[PDB]
Each structure stands twice: as structure tokens, then as C-alpha cells.
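To begin, one chain is listed below as C-alpha cells, in the form deposited in one PDB entry.
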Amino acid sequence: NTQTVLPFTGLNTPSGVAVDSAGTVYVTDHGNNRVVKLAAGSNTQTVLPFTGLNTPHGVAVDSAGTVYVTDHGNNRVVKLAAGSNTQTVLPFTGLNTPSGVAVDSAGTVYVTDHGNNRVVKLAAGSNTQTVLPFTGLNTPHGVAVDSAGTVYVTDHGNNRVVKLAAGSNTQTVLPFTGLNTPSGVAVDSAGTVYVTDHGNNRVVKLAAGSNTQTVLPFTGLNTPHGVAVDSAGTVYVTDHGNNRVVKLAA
């Protein structure tokens, strides 16, 4: 229940955040064009060996430790395997300012194509990307995917979070209320969905199937951007406006 600013150093507008299965926190550093990681309990960040990023936004990490980053300004998505020093460009096409990124258990990569009002996915090893059947989006921002392959997207212009069930492709608006420009989104191991309410300076959680949302006890947030949740329920938020990454111990 305790809130602590993590010992990242030299951050310039942290944006995206992810946590891997070990509790390591990965953060995109907008102004610095870099991605930094901090193991649980470590006080020493590591700068990942990406190169040539232009305002990196979203970050995701798969169960193998491979790191995926949206290169917002260069309209591309890059990845870095664990321990590797050389980034690979993913064969997405036609992107315009990709923002959020997520990866499922099969290595399929989901990207919110901000400027094109669409969400696209790309299986590992494939040369054809698939536009997902979301409807009525007015600029998607954050994306997350759960074990069922269900995809969650924050819809900037409609102040809502939408769910796409795998298979039936039924789109459902999650019953959040009072959102003001939802941005980041995450889903924990229980299926609970977390959203950064960018305009209201708060983080909100909603169990699937519930009409009770819970404001998480973060304090003094200024345009919170990214959110991630680890297996123990610890929530990490990038406080874009305050240049910090905040942890809330479960």
C-alpha cells in the first residue's frame, strides 16, 4: 500500500512501462530516446542497447525476455532479445506514429497505430499484418493482451476502454466511468484491467465483469501515462509530467 518513486536516474518524460515475469521494470525514456530497465530491488538501472529511436513510446516484454518498443517518430516497431545487443525491425507496414505495444504468449505483437485509428497485429515469422475488428475507435493509445488472446485498447477520443474477445470478435466497452483521456492499460493475472486516467491524474482498476472501479492510491500524479502490474499485484505508473516512475506495493 506504500508509494515509492523508483531509483531511475536521468529520466526525461518516462512514457511506456512494462514488467517481466521476474518483476524487472522496463521504461521508455522519451526525451532521452532510450529504454531503461530496473530489476526488483536493484538501485542501478541498465540502459538497453537500442539505437536510433525517435521518441520511443510503448514497451512490452515477452515470456522469453524479448523487449519490444514502438519507435513513435520513425513509424516502426523494434525488438531486442534478452542479452542481445542488436535490435531487429519488425515488418509492420504503413504505420503512422505507433504508440502502444503488447505481446502474447505466441510472440504475436499488437500495436496501436495512433495516426491511422487502428490496432494491428503481426504474428512472429509472418510478413502480413492484421487490422483487428475494433469499431468506432477515435484514436487508440494503450494496448494489452491477456492469456485468452483478448485485446484491450484505450480509446482516446471516446474516453473508454474496449475489449475484443478472441474468436467471436465481440467488442465490449468496459464499464469504467468518469475517464478523461485514458492512456495506458494493463491486465493482471486475475483478469483485472488497469488504466491510466491521463486527464484526471489517476490510475483506475476494474475487475472484468464488475461495475466497481477502484482508484488506486497514487498521489500527486501529473499526466500519468503508462501502467504495468506484476504477478504480486504491484502497480507501476509512469508519471510523465513529474518525470518519475511510481511503484505502489500491493
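Residue positions are given as counts along the sequence shown, with the first one as 1. Here the rigid core means the biggest group of C-alpha atoms that line up within 1.5 Å when the two forms are laid on top of each other. Only residues modelled in both forms are compared.
Another form exists, deposited in another entry; not displayed. Remarks below refer to it.
- Fit the rigid core and compare the CA positions between this form and the one not shown: of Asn96, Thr93, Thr170, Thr86, just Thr170 moves by 2 angstroms or more.
- Once both forms are fitted on their core, a CA shift of 2 Å or more is seen for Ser210 between this form and the one not shown.
- Segments displaced between this form and the one not shown are 167-170, 208-211 (runs of at least 3 consecutive residues, each Cα moved 2 Å or more after rigid core superposition).
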